[PDB]
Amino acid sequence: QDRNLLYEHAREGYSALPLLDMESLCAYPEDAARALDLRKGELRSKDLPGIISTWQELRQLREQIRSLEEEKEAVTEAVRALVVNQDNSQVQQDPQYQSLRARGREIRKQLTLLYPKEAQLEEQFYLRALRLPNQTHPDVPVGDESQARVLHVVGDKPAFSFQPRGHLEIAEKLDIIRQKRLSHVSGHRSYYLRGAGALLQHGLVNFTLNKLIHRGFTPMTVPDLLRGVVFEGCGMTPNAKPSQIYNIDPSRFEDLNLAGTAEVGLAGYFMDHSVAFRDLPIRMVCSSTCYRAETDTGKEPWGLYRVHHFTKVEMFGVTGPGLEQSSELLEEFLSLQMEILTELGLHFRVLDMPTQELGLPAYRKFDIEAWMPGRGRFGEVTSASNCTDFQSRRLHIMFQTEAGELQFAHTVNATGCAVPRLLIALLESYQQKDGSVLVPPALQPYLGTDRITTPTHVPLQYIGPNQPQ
């Protein structure tokens, strides 16, 4: 179905309709069309005129409706004013019986038709307008992913005296990651972390949480299962065709979906509420389990590069009246990501993402790719996006001055630490010839050792039927 969750949500009266800045769009349609085309998303410049026109038609329809409503209360007076005036038996057939009372039922007849038309026009507008992307920062590089601009390169490739191995091989030998023999247990791409592997995840998560909490971020825990409206509000797609979002059985539980990032739950917390101006900027940090269907995306059958479940610590910000505040907060979040990766001793590159890779909600987006020796490639480990007022206008995330005046806040989100790919980068960058893996000083307090070595336990032995004999 093409039913928009934000619109349906509003239709039921659960929240108000999203408040889009049509004044700006109608004032500068040419600029909007050009930026729209450069994103190469669903909607293109050819679609804009129709969207603007539907909005304009709706505005006039509402003007016509109001006009007819006011006129009805004017005709109701042509009768009310005549209940104690010549109301013997004259009014029942006076010259003002027809033409001044028959035009009262004609108005009712019209309004009964216009109200439904208004609803139809309104849905027509939102179904399309809500698929329009956010504006684009003037400095965003134009083009596909390959056009990303390298802003910083930190460190250099680790040098080995042997061919670096992949993280899965390294981990299986140390029995800290397991993916084999799980198709009928937990499915493809699923995995278990054991011993030092689990300690590595706990260490990464706690190192990151500790750092951010110490830096003034408010810790939060959010629901993992959320209604589709929240995803739509964030600029995600609960159900495009192959959808990245897992949904709970609709025949058993109504509208429940697993989030692919704590960003969803965090946005849901602020939905329909206002924060105090004095508290801006609001900085929050949240660790949660993320779920992603990963359909039609990169083929990564083995290894932790594109898994269905993983833990991620998320940074989320709600700020000021405008761009200066949100742009600065994005810069702050990025600097924190760089600090985390630098302290982990990883080689990485910071990228200014191009127009076709911003998505729908992003105005500006900075990603960081970490060098992964075994994979032999730079791989994205974090993303940071300034969504300006795209999410706030859809989910009504406001800020309030001391006086009570409400304005749309801006929202910013950024990866604090996504475990899977950091495990890849760490295991592959710190691997030793003998198969052991050195532990970065920053994580040693969590690992209780400076080197991960072969375990004492005997690895599990498969005793099932599906084996050669």
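One-based numbering along the sequence shown.
Look at the mean CA B-factor for 361-369 and for 318-326 in the entry; the higher one is 318-326. Once the C-alpha B-factors are averaged per stretch, 283-291 and 252-260 rank with 252-260 first. The PDB entry assigns the greatest CA B-factor among 101, 393, 165, 308 to 101. Listed residues 421, 410, 39, 46 were ranked by CA B-factor as deposited; 46 comes out on top. For residue 174, the recorded CA B-factor ranks within the middle third of the chain. Only modelled residues enter the ranking. Among all modelled residues in this chain, the alpha-carbon of residue 215 has a temperature factor (C-alpha) in the highest third. Remark: residue 301 belongs to the highest third of its chain, ranked by C-alpha B-factor as recorded. Per the deposited record, the Cα B-factor of residue 427 falls in the lowest third when ranked against the other modelled residues of its chain. Sort the chain's modelled residues by C-alpha temperature factor and residue 92 lands in the highest third, per the entry.
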